[PDB]
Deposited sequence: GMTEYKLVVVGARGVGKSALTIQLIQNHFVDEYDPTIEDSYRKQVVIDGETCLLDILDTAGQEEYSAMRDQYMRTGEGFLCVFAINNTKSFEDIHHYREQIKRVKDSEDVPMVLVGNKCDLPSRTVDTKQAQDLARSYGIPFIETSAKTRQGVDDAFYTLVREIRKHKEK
């Protein structure tokens, strides 16, 4: 049985922990044995934290992850602009340029959308990674989001 170490990163307040809680407990106020494409595998979701710390100890913890979920809230334009900074820090620690990655637009159950889905789709095509719109409250796209990253780690590892 192959294990997958996934990491959820993003701006402060985008829903990193909420997505992880709902993915595991089906609850909205970390390991899960999942069958993806007929393959039994375990999802080891790492701490989401979010505090800014540029130490070698933090780099060592993030370097262990194989796939990264870059999250932004569709109602917060700043969380979308920060996606570039989060993606570059991921490439720096992983020592690679094509890291298994999936862009995630969280909080799509909200009526104050300030980021067009086409803007994220255009950004996703530029980075060569898939994009998925999710909602931790409604569990919309939450399973589609994490599974899609799992498909990227396998395709990356071939």
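The deposited chain is incompletely modelled, with C-alpha atoms absent over 1, 31-40, 170.
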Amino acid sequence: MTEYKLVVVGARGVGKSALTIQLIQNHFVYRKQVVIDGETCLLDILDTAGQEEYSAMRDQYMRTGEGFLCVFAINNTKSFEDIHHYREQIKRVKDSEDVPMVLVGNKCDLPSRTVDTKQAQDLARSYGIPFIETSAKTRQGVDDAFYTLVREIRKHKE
From here on, numbers count along this sequence of modelled residues.
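In this crystal structure, the stretch out of 64-72 and 111-119 whose C-alpha atoms carry the higher mean B factor is 111-119. Of the candidates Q51, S96, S126, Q89, the deposited coordinates give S126 the top C-alpha B factor. Per-chain ranking of the deposited C-alpha B factor places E133 in the lowest third.
Remark: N106 belongs to the lowest third of its chain, ranked by C-alpha B-factor as recorded. Annotation for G10: C-alpha temperature factor in the highest third relative to the rest of the modelled chain, per the entry.
Split the chain's modelled residues into thirds by C-alpha temperature factor. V142 is in the lowest one. When all modelled residues of the chain are sorted by CA temperature factor, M57 is found within the highest third.
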